[PDB]
Every structure is written in C-alpha cells, then in structure tokens.
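Read in order, the letters of the sequence shown correspond to residues 2028 to 2401, 2406 to 2818 in the deposited numbering.
Here a beta-carbon is modelled for each residue, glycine too, at the ideal position from N, C-alpha and C.
First the structure, in the form of structure tokens, and then the observations on it.
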Amino acid sequence: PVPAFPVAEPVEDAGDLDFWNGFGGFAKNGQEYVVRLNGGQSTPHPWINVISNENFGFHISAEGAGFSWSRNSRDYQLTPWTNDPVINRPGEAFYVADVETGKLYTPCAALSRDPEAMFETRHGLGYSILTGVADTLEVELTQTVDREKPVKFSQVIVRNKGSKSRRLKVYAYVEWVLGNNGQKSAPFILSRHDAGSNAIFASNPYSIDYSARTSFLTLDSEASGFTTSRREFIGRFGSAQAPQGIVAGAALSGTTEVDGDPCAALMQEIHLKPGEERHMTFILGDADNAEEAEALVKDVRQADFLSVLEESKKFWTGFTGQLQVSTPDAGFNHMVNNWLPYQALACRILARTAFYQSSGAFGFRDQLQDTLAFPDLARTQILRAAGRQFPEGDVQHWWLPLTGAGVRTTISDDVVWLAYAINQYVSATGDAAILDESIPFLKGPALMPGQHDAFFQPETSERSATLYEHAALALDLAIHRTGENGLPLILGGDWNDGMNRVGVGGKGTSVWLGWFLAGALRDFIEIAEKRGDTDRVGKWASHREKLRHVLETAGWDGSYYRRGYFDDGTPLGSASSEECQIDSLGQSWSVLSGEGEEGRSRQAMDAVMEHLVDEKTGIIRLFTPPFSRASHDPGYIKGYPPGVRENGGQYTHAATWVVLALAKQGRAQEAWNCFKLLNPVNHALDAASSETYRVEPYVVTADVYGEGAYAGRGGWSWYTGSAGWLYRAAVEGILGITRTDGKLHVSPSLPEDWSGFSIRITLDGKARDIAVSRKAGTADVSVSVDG
C-alpha cells in the first residue's frame, strides 16, 4: 500500500538574498541564482535554466528535469519532455542511497519525499549546480555541456562528513525517446552495450529522418552492472521515488531484448570514508554511426571534465560581459547585464526550446528581429535569411535548419522585415559591402490561391541576385499587394499571426503594416539613391506620400489610430466596434516609424494609458475589450480565452514598443514606470505574496493573464520575442546609449530616483568606463553629450 504523502516543515528566510522570496532570490552580481527549498515542497512551476551549444542543448529545472537534443527540436530528442506543471516526472534521476540501511537520498527535490532533508539548487550562466544534504550526507550535482562537441556532462560529488565508513550505491537513470512523440517509437527502439567501453549505445532506426543516429551514456570508471528495461529498474508497483530496483535486490542483469520501455543505467559501488569525497563524471552525448560514437566516447572519457566547465564559464562571462552598467537598481544590474543576453543567446541562437514551447523551425520574421540587440552574427543571420527568398517576391516563413525545406505562407509583413534589418545594419555598422553579394534563388511549385500554404520541396536555381535586389523584389511585391484604400493588404496576416483570415481574397488591411512599409521605405529610398536607381525611388516616394496621406486622413479615428478594415469594410481598431477598441501596435509604431504628426502622436499616446490603468495586474494589455463572441470573425484568436495571450492579455514584445515610444518623446518617468512594470523582477512577487505568479522572475515572460479570478500569472517563459527588444530598450531608451554611426553617443534622460549611473562598453577591443553625472560628463574626461 501507498504510505501517504509526507508534509514539509517550511524553510526560514536566511540572509544573503537581495530579492528574498519564498523559494529563492538573487545571489549578488546577477550571475548565480540560488533556490532554497525543503523536501516535499517545490516552486509553483518548474523554474528552468537553459544551457546550450551550437549543435546541442539541454534545460534543467530547479527540482530535477532534462531535455537533450542533438540536431533539432521536435525531430531528434534524447530524454522525454513533459509540459505538466503539477507532476512533471523527470526523465533522468540520480540515486545515492546507502547500501546498508537502504535509505534513499537524491539531490533533486522532486525525487525525494523526506521532510528533514536539505535541498539547494543553483542556476548560473552556462552551468547549473544541484546540491543535496540529507542526514549528514551531502551530494552535489553539476550540469554543463561542451563546446563544439554535442555532449552533456554531469558530475556527482558525495561528501561523507560522518563518523563511520559507509558503503554507497549510485544509480544513473535515463529514458530514450528518439522522436517528436512518445509511445510511437518505444516499440521500435534498440539498445546495445559494449564490454570494452563502459557505455550503452541507443539507436532508433525507426525514425524516418534519423535512421543512423546513436546515443550513449558512459562513466569515467568501470561499471559493475547495467539495465536496459524499465520493467526491471522501476518494474510494477512503484514510482520514481520508490524504483523497487533498489530494495528488492541490488543486482541488475544484462539484458539486450527489446521491451515496451527503453532505459540505460550504469552501476558503480562506492566505499566512502569519513571526510573523503569521490568525484564522478556522467556523460550524456550522441553521434551518428558506431565508429563516430566510439571515437566520441573515447575522446570525452579521456580528455577531461572540469576544463570544459571553466571554458564554458569564461565563454559565458566574456560574451555576456561585453557591456555592463552600474545602475543603483538592484534588479536592473542583476538581470539586464547578464540574464537578458544569456537568455537571448541561449534561446534565439542555440536552442529555440523551453519547458512550455518547442519550435524546431526557423522564422523569417523571428531571426531578423532577434539579432538587432547586438555585429558579425547579425550579418550571418541576414545572409542566411536572404537565401530563402523566391524570385517572385515571397519569402519562406518556416524552413528546416538542415535540409532547408519549409512552407511558403501568404503573410505580408515578413517580406518587409528584410528591409528594416538592412537599414539597421547599414546605419549601425556602416558596411555597405553587405548589399552586393551573390545569393541564389529557390524554385517551388508556387501557391494555389485557394490554400494558405504548401510545404513542397524548395530547390536552388542558377539565377543569383544581390541583396539590394533581394529586398527590392519583396518591397515591390508589397507595393503591388496594396489594397483599394492604399494600405497594404493583410492577406495572410501581419506581425501578430493570431489575426488570420482577415483578408484572403478580400480588401482587409492593417495600419501597422502601412506604417512599417513607410518606415522601411524612408531609408530604402536613400539606399537606392546612393546606389543610383531613379525609376524605383520615384514610385517609392510617390507611394510613400500617398500612404502617408491615407494614414493621416483615413487612418485617424478621432482620438487615436485605427487598426485596419475587414473584408466587408468594417473598421478594425475603432471605437465603434464592440471589440478591438484600441490596438497598441499602430499607436506605438506611429511614433516609432518617425512619420506622422507630433500632436497626433501625443494624442495617441494619451489613449495608451486607457489600458495602462491596470496596475494591480501589472501588464500592458493590447486590446482592452475581451474577445468572446465572433461578431465578424476576426480570426482564430477567438479560440484563445479572454484575458489570455493576445485576447486582452500581456504581450511583452508589443509592450516594449510603448516604452520605446515614451522614451523617444522624452517621457522618461513614464518610460521608467513602464519598464519597472514590464520587469518580471519585483513584479508583485517579493517574499510570498505572489504565489499566483508561478513563473520565473529572473527572465521575461511573453504572456501574463490579465482578466478573471486567475489573472496575475505569467506564461510562455524562456521562449519570448521580447528579450532582445527589452535589452535594446534598456540600453537606449532608459540609459541614452546608442551606436548610430559606429561612434558612441550619450543622450541620456536619467530617472528621478536613480540620479546617476555608470556603464562600461568594450567595443573594438577598447573598454571605456563611461560614467554619467546628473547633467553631463564622463569618467575618463569631461566631454560633451553625443560626442
């Protein structure tokens, strides 16, 4: 029978915690985050930290988790991923239970139900350390991965600070599911073991795309035994806490037959001494082909473990330490300097996977809008994206990282983001040699007018063109796709894909699209003029003038800017409609694009506070009226519950636009208020009050529910499009630091309470300590502003 569930005894609030919450807080310098919890208790949701490589990556929770993938997410995977906040049973487990007494100790909170045990977990930059103290026995687990090698490392250190010699048995548990979905590859998963090399080879020839990928688990020692069937490790009448493979017997038989559940384990008996510690090293790597697999294991086992650890530490310190600030705020320094670049890199470049989201397909709009925070990586990204443009003018919205195949969507905004990125690169770096390069074209079976998208197989063609022509073709197609009213047709959608089927063989359009095209064209005309194309710039200027006239005449609702029109001519974003009363996209981008009138921009900004009054929820909601009934069928957003995600909820990607617009106009106090409001740090969760928040405070979350009795909680964390935008906002709008022509400029608007800040930037190998006084000045020498 089940022996009930043991309740904890709570944990006291100790010192050395800046943001001392009920589970953990900052541990100074903003580099290490410590979580203190007792047995039987855990955070409301798995608090996740991601550590990833160029062709590898995994994320571990504060109480035990694991998700290893080699090539891409949703296509190759090592350990199961369970998006279950309430249970979240880990796919990997480590046991250090004593041989004699049989008492079970684990370094993870979720793997132990003992109320008297001490658990602590740290999630640093590039590594995570889990330590567990249970009855005079201390076990420490370190998580890290290698560079240039798709391999994962795990170090278990057991401290026997007792008075008697103890015999300890160590278990290493792992599950092998090599596919997008479970229970679809388990009957056809094969596992092998080698006597010469202490490793267990796991392969899944059933996978259509991966018929030769091999995975291994090895230890830097000799293995007494091993198991390959969860019917032996866990068996029947047990769970993760009580495997029953540790009580009824202490020997694992070598099995090679396939069962309904694949697993791998390595056995090693340890005879510890009081005051003596042993250092282990568990290897979690994978590589195609048996020869490459054995070469990888023989290199990894022999080379080292720690050297990888300090290599990763120095890598993640140097790349996140390029720009640092010394603002008086205890949350800005601890999060903007390190956590924001760490999250941005490890998510949007290395591993586009979180505990709540999994997306293995590249996005044309995503990566273009992602790298603007920091410069060679931006050039590489924009060159990679330029290769997915068809000669007709459409761009590839999604494509596989390796084969390059993907769907072609009828969306209209994506073809224009290339021009904005080109303009930003030309402004910042100033290298005009990027725009004249040889980029091949891809040929496809095209899209039927009656379907949204088709997958097909793109094939390269022997018709190359320059990047300037690559952007010009897309811009010209956008000009062709303009509607009767003169505004660009939404067609397949806009920046927010939730509002689908607004057009599709109709005259539905969006104002934000027109503003974005005008903003991009205002600089593309100058680029083409400097490259000498009068015919293009003439019509571009004419269309820009007509579009601005339409925006300033037919785009004004009387007190703010409309969103657009429907296929039947019903206005969108207007006050007349019962829903979609105010849309912040157009209001923000009217100021951001630089066109329009200052008075009209200020009037639109006045209506922004109509949805900013929700200070109790602390979110910048996009649409104030919830969408519950489909009066005119705006799209599939109606499926999203009201107050959730884009239906009256929180979208930090569109929320930072308001902060940027406020900062540009000079409303620094309101900009700082919104920045603190948008900051997950100190977002009503200080010690114990915001148990409903349930989400990580040290990283930005895309969606926070703002309506209903369940409002006040975030969602969709660690995978957000607003990390880079938040970093850019913190760099420029609130600090007055920007690099517009390759030379640093200082035009700050300091907060009333801050009253002073100092920054250090290392550009071109020159690290300069820039200190900003109340009005003007610099630490190295007194210099004028914007100099």
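Point to revise | Residues bridged to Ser2155 (per DSSP) | key: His2150, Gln2170
Practice item. Report the residue from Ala2317, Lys2191, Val2172 whose alpha carbon sits nearest the alpha carbon of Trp2343. Key: The option with the nearest alpha carbon to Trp2343 is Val2172.
Check your understanding: Could you give the distance in angstroms between the alpha-carbon of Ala2277 and the alpha-carbon of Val2126?
Key -> 9 Å
Practice item. Give the straight-line distance between the Cα atoms of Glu2629 and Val2639, rounded to the nearest whole angstrom. Key: 15 Å
Check your understanding: Nearest CA to the CA of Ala2317: which residue from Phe2359, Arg2240, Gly2281, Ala2381?
Key -> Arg2240
Exercise for review: Let me know the secondary structure DSSP gives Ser2748 once reduced to three states.
Suggested key: Three-state result, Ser2748: strand.
Exercise for review: Work out the CA separation of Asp2564 and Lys2474 for me, nearest whole Å.
Suggested key: 27 Å
Practice item. Tell me, to the nearest whole angstrom, how far the beta carbon of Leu2399 is from that of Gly2755; I am working on the premise that it is less than 8 Å. Key: 6 Å
Check your understanding: For the alpha helix (DSSP H) that contains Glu2259, what are its first and last residues?
Key -> 2257-2260
Exercise for review: May I have the straight-line CA-CA distance separating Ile2075 from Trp2749, to the nearest angstrom?
Suggested key: 8 Å
Review point. For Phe2597, which residues from the same chain have a beta carbon less than 7 Å from its beta carbon, with the 5 sequence-adjacent residues on both sides left out?
Key: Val2533, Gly2539, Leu2603, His2663
**Study point:** Meets three-Cβ-pair contact criterion under 8 Å: the stretch 2147-2158 and the stretch 2056-2065
**Key:** yes
Practice item. Could you tell me whether the Cβ atoms of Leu2522 and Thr2411 are closer together than 8 Å? Key: no
Check your understanding: Where does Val2639 sit, in a helix, a strand or coil, going by DSSP?
Key -> helix
Exercise for review: Take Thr2809 and list the residues in its own chain whose beta-carbon comes closer than 7 Å to its own, dropping the five residues that flank it on each side.
Suggested key: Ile2801, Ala2802
**Study point:** CA nearest to the CA of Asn2710, picked from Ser2224, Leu2582, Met2479, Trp2366
**Key:** Out of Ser2224, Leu2582, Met2479, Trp2366, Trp2366 has the C-alpha closest to the C-alpha of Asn2710.
Check your understanding: How do the stretch 2447-2463 and the stretch 2471-2490 stand: do at least 3 beta-carbon pairs fall below 8 Å, yes or no?
Key -> no
Review point. How is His2306 classed by DSSP in three states: helix, strand or coil?
Key: Residue state for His2306 is assigned as strand, using DSSP reduced to three classes.
Review point. By DSSP, does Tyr2724 sit in helix, in strand, or in coil?
Key: coil
Check your understanding: For the stretch 2488-2501 against the stretch 2511-2520, are there 3 or more C-beta pairs whose distance is under 8 Å?
Key -> The count of Cβ pairs closer than 8 Å, one atom from the stretch 2488-2501 and one from the stretch 2511-2520, stays below three, leaving the stretches out of contact.
Exercise for review: Count the other C-beta atoms from every protein chain shown that fall within 10 angstroms of the C-beta of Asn2110, then say buried if there are 16 or more, exposed otherwise.
Suggested key: Result: exposed.
Point to revise | Every unbroken alpha helix (DSSP H) inside the stretch 2500-2561 [4 residues or more] | key: 2542-2561
Check your understanding: Exposed or buried, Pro2782, counting other C-beta atoms within 10 Å across all chains shown (16 or more means buried)?
Key -> buried
Practice item. Please report how far the alpha carbon of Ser2541 lies from the alpha carbon of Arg2593, in whole angstroms. Key: 9 Å
**Study point:** Under the three-state DSSP convention, the category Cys2611 falls into
**Key:** coil
Practice item. Mind checking which residues open and close the alpha helix (DSSP H) that includes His2663? Key: Segment: none, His2663 is in no alpha helix (DSSP H) and carries neither H nor E.
**Study point:** Segment contact, 8 Å Cβ cut-off, at least three pairs: the stretch 2075-2092 with the stretch 2210-2227
**Key:** no
Point to revise | DSSP state of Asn2080 mapped onto helix, strand, coil | key: strand
Check your understanding: Which residues in the same chain have their Cβ closer than 7 Å to the Cβ of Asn2527, if we skip the five residues on either side of it in sequence?
Key -> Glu2677
Check your understanding: So does the stretch 2228-2242 actually touch the stretch 2261-2270, counting three or more Cβ pairs closer than 8 Å?
Key -> no
Review point. Between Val2762 and the rest of its own chain, which residues show a CB-CB distance below 6 Å, the 5 nearest in sequence each way excluded?
Key: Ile2768
Check your understanding: Thinking just about the alpha-carbon of each residue, which of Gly2670, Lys2707, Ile2668 is nearest to the one in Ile2651?
Key -> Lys2707
Review point. Considering only the beta carbon of each residue, do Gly2424 and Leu2508 sit closer than 8 Å?
Key: yes
Check your understanding: Residues bridged to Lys2474 by DSSP?
Key -> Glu2490
Review point. Would you call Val2201 buried or exposed, if buried means 16 or more other Cβ atoms sit within 10 Å of its Cβ?
Key: buried
Exercise for review: Use the C-beta contact count for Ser2139: other C-beta atoms within 10 angstroms, 16 or more gives buried, fewer gives exposed.
Suggested key: buried
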